[PDB]
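Protein chains in written order, with the deposited numbering: chain C, 305 to 379; chain D, 305 to 379; chain B, 305 to 379; chain A, 305 to 379; chain E, 305 to 379; chain F, 305 to 379.
Rendered as structure tokens:
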């Protein structure tokens, strides 16, 4: 016979404290972009991106990430 | 017979304290980008990126990452 | 007695010839300007300029400048 | 007695010839300008300029400058 | 008595010939300018310039400058 | 008595010939400029320049400069 007894006790306090978050600045792609193309012979799929893209400013006042997994496999 | 007894006790305090977070600056791609292309013969898939891209500013006032795994395998 | 005889003969051909003037480009102030000012105590006249200003494109298809002076002073 | 005889003969051909003037580019102030000022105590006149200014593109297809002076002074 | 006889003969051909003027580029102030000032106590006139300024592209397809002076002084 | 006889004969051909003027490039101030100033006590006039300035590209397809002077002084 199999007897399995499980007690994960977790009182964990993933805590943060800031008095003043601020005065944050993010200036991507300030300058000039210039592209000039002539006499191109493509013979397969193409992608192109030009400019400012995908520019993130994540400012999480908390930003307390917590991750938890319980796998319990039985054969 | 199999007897398994489990007591993970966790009171862990992943803590942070800041008086003043600030005056943070992020200036990617200040200067000028210039591209000039002539007489290119491509014969397979292409990708191109030009400019400021994928520029992150993560400013987590906490930023307390916690990660936890419990695998319990039985044969 | 005074005798003064004057014959400025001028057949001068200040000439220009262009087959095709073109494909001219002028891009001043491409990038970003940013100004930030705090706690300034001025006690006299002020001037300020910010940005793109006074940006000339002179494209004279001729542009044949000619200048001519005749002073004739008598005492 | 005074006798003065004057014959400036000028057939001068200040000439220019271009087949194709073109493909001219002028990109001043591509990048980013940034200014930050705090606690300044001025006690006399001020001037300030920021950015792209006074940026010339003179493209005279001729551009044949000619200058001529005749002073004739008599005492 | 004074006899003065004057014959400046000038057939001078200040000439230029270009087949193709072009593909000229002028990129001043590509990069980033940054200025940061604190606690300045001025007590006389001030001037300031920041950025791209006074950037010339003279492209005279001719550009044939000619200069001529005739002083004729009599006592 | 004074007799003065003057014959400046000038057939001078200040000439130029170019087949193709081109592919000229001028990139001043590519890099980054940075200035940081604290606790300055000026007590007389000031000037300041920062960045790309006064950057010339003269491309005269001719560029045939000619200069001529005739002083004729009489006592």
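Note that beta-carbon positions come from the ideal geometry of N, C-alpha and C, so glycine has one too.
Can you tell me where the beta strand (DSSP E) with residue i in it begins and where it stops?
i	result
residue 351 of chain B	Element bounds for residue 351 of chain B: n/a, residue is neither H nor E.
residue 370 of chain A	370-378
Using the three-state DSSP reduction, which class does residue i fall into: helix, strand or coil?
i	result
residue 336 of chain D	coil
residue 326 of chain A	strand
residue 309 of chain C	strand
residue 317 of chain B	coil
residue 355 of chain A	strand
Do residue i and residue j have their C-beta atoms closer together than 8 Å?
i	j	result
residue 366 of chain F	residue 366 of chain E	yes
residue 355 of chain C	residue 355 of chain D	yes
residue 364 of chain D	residue 364 of chain C	yes
residue 373 of chain C	residue 373 of chain D	yes
residue 321 of chain E	residue 353 of chain F	no
residue 309 of chain E	residue 309 of chain A	yes
residue 342 of chain A	residue 342 of chain B	yes
residue 330 of chain C	residue 330 of chain D	yes
residue 314 of chain C	residue 314 of chain D	yes
residue 370 of chain F	residue 375 of chain E	no
residue 350 of chain A	residue 351 of chain B	yes
residue 327 of chain F	residue 327 of chain E	yes
residue 348 of chain C	residue 340 of chain D	no
* To do: Give the residues from the segment 314-336 of chain C that approach chain A closer than 9 Å (Cβ to any Cβ), ordered along the chain.
  => 331, 334, 335, 336
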